[PDB]
Structure formats: structure tokens, C-alpha cells
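Only one chain is included here, represented as C-alpha cells and corresponding to the form deposited in one PDB entry.
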């Protein structure tokens, strides 16, 4: 009884911004993938920290699922040991990560001809994130560390919008991402 709430993960109408990534717990449930929508085709499906003795982990029966959107060229940062703005300041996996990263192109729902700017990422921060840390503040940033009031000079806004347009290359298109941690 109780089927896994994978629909809430893969088929959610809205996905979070990566700076505001969301986690859902999946445990103590039966998996029925037949009640998900068809046509969710993973262009990335990469698993880390898996051993032959623990191949049963790919049944996904006890899992945390983290969801967010990035641009295509940033999907490579959702891996252990990566650097760049997403890994450093938004969503960080541990080096010893045990889990899988799934991504799929969502140009058709997440991009517009006029530009969808609803998804954001943090580009400035005082410190990189530890693994599975999350920062949701939107506080003026000063390089020197001092508190800071716009329009003061050397005072910056730490988030930047992705701009998702319908007529750009794949590296600039939106990807929904789900990271499953074996647990």
C-alpha cells in the first residue's frame, strides 16, 4: 500500500530555481511508474558511488529526490567534484555522493519566444556551499564582506535570472533536474 509519490517529483507543473532547490523523501512505498506521464526522456542519467553489491539501490525504493532547473551547459555541474557557479553557490554534491542525476530538456514548457526569466541562480556569495546546503537569502552583497545598501557603490544583487528563449542552442535551453540520493 502507499505508492511512491514520484508524480510529485517528475510531473510537478512548476519546478524550483536551483538556488531554492527542493527535496522530497521517498520511502516505505511501492513504485508504480505507469502513472507518470509518458515522454519524460532523460538526456542525462548518471549514477555515482554505486558498487556491484549495492545494485539494488537502482530500485529507488528509499531515496531523497532533489528538484530544480538549470540551463543545459550547467547540467555538468550536477556531479561530484565539479566547480562553477551552480556547484559553488547553488547546489553541491559531495565527493562521495551515492546516487543518480537525471535531467531532461524542457524547452517546450520552460522557455518562451519572448524569454522566460522566472528561473534564477546565485552568482555571488561569501563562501561555497557544503554538500546539500541551501541558501535562499536575497541580501545585497559586498565583496569586502560589509553590510551593504543599494544604491551604494560596490553593492550587488547576488541572484541572476536565467533567460530561457525558444530560439537558442541546447546549451542555453532549460533542463529539469532530479537528483536521487541513495539512502
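Think of the rigid core as the biggest set of C-alphas that the two forms share within 1.5 Å after superposition. Numbering follows the first chain given and starts at 1.
Omission of residue 37 is seen in a third or more of the other entries compared for this protein where the adjacent residues are built.
Residue 86 sits in the lowest third of its chain by CA B factor, as recorded in the PDB entry. Residue 9: CA B factor in the highest third of modelled residues in this chain (values from the PDB entry). Per the PDB record, residue ranking by Cα B-factor puts residue 18 in the middle third of the chain. Looking at the C-alpha B-factors along this chain, the one for residue 175 belongs to the lowest third.
Split the chain's modelled residues into thirds by C-alpha temperature factor. Residue 108 is in the highest one.
Below, we refer to the form solved in complex with a partner chain, which is not included among the displayed structures.
For residue 121, a non-hydrogen atom is located within 4.5 Å of the partner chain in the deposited complex, even though that partner is not displayed. For the chain shown alone, residue 143 is a contact residue for the partner chain in the deposited complex, at least one non-hydrogen atom being within 4.5 angstroms. Under a 4.5 angstroms non-hydrogen atom cutoff, the partner chain in the deposited complex lacks residue 28 among its neighbouring residues. Of the residues listed here (157, 33, 117, 45), only one shifts its CA by 2 angstroms or more between this form and the one not shown after fitting on the rigid core, and it is 33. Relative to the displayed conformation, the Cα-Cα distance from residue 39 to residue 118 grows by 3 Å or more in the deposited complex.
Compared with the form shown, the residue 40-residue 174 C-alpha separation increases in the deposited complex, the change being 3 Å or greater.
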